[PDB]
């Protein structure tokens, strides 16, 4: 029962990375009027959208609103085994900070960080980390 829950905006970078992974995936809807229920254990994969805001790093909007809405449902929240976050290192100290923020809020491990649609190595590594997360 390997499962990914993920979010991706209209740019579909995170979507394309997840479709390269072995495990089955479920997409959190872009439309803020729509919600999903997940009743099985999952690894969460989300991009970062804080936009490198500074006050010190400002983590406001790091986690997309649709991901917050999804995690706000305690039925969904309890099934999260860990978070993988994405972004771009050119955002500096704000790189992939959606991961740490979710890791802290849920009390779950930050399993991996990657960029854009990911590389061959990212697929190989995330496949292994998800397998070990569900086995352990």
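Positions refer to the first chain, counted from 1.
(request) For residue 94, record whether it is unmodelled in at least a third of the other compared entries of this protein. (result) Residue status for residue 94: no gap in any other entry.
(message) Among the other entries of this protein that were compared (only those with both neighbours built), does residue 84 lack coordinates in at least a third?
(response) Residue 84: modelled in all of the comparison entries.
(request) Count, per the entry, the deposited residues between residue 55 and residue 56 that are not modelled, and return the matching class: none, 1 to 3, 4 to 9, or 10 or more. (result) Unresolved stretch here: 1 to 3 residues.
(message) Tell me which stretch, 91-99 or 69-77, has the higher mean Cα B-factor listed in the entry.
(response) Result of the comparison: 69-77.
(request) Check the entry's C-alpha temperature factors for 15-23 and 124-132, then say which stretch has the higher mean. (result) In the deposited entry, the stretch with the higher C-alpha B-factor mean is 124-132.
(message) Quiz for you: based on the deposited Cα B-factor, which of 63, 30, 106, 45 is highest?
(response) Answer for 63, 30, 106, 45: 106, with the highest C-alpha B-factor.
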